[PDB]
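Please note: Cβ atoms are built from the backbone with ideal geometry, for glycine as well, and neighbour counts cover all protein chains shown. Since every read-out is calculated from the coordinates, none of them should be taken as a lab result.
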Amino acid sequence: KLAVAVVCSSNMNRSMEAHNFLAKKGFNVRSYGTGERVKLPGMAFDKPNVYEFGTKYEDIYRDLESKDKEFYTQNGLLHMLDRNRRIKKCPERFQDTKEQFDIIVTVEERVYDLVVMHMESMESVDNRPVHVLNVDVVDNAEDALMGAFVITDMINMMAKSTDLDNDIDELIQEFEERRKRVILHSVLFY
């Protein structure tokens, strides 16, 4: 019943996986990235595949396939892109998006800093609150859904709350103790 957004850095792995779960659960959710360019793993640790933040996931899939068709279907990148084409049209940049939410769950500290850093950029008349919650999650694809699970278990809990803004500060305190995690939470204005 609330607007949610998950944010990793390339809106490829983590963010999408949480995006899937939160959606198949019924939650109103969007997913973005903060990076400059979508970047995926390549043949080396120093040789990746970088793309425009506007390219179709469909084309990125076409691209990889018309290259190391084998390699990429194996490590997962092709199936992953397969899971994404069926939800969103193509990866989006958080920074540039008129869309607005109540809860913005980032997936890495590094990003948490960008989402906030940019939230403090403009300032509108709306003046209604949005909570930026960080829930660390390894960029790895295996942990991706392992994080979604955590990520949804927390929003699901926060979901059912007649007055989020007040007790949300305590729900986090409880979620922190139940999952033995460190949920960075900061206050930004829309």
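Listing for the model above:
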quantity: Separation of alpha-carbon centers, the range 175-190 and the range 131-153, rounded to whole Å; calculated: 13 Å
quantity: The chain, relative contact order [Cα under 8 Å, separation at least 6], %; calculated: 26 percent
quantity: Inter-centroid distance (Cα atoms) of the range 68-105 relative to the range 14-66, Å; calculated: 3 Å
quantity: DSSP-loop GluC sites (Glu not before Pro) across the range 1-80, with at most 12 other Cβ within 10 angstrom; calculated: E36, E52
quantity: Cross-link reach list, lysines versus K47, counting only Cα pairs under 28 Å and skipping chain neighbours closer than eight places; calculated: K39, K56, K67, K69, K88, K89
quantity: Amide hydrogen neighbours beyond the local backbone of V38, cut-off 5 Å, H modeled; calculated: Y51, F53
quantity: Sorted peptide list for 21-29, 171-179, 123-131, criterion being average Cβ within 10 angstrom, highest first; calculated: 21-29, 171-179, 123-131
quantity: Spin-label zone in the range 162-181 - amide nitrogen under 17 Å from a point set 7 Å from the Cα of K25 along the C-beta vector; calculated: 162, 164, 168, 171-181
quantity: Sequence-separation-based contact order of the range 1-50, relative, with Cα cut under 8 Å and 6+ spacing, percent; calculated: 38 percent
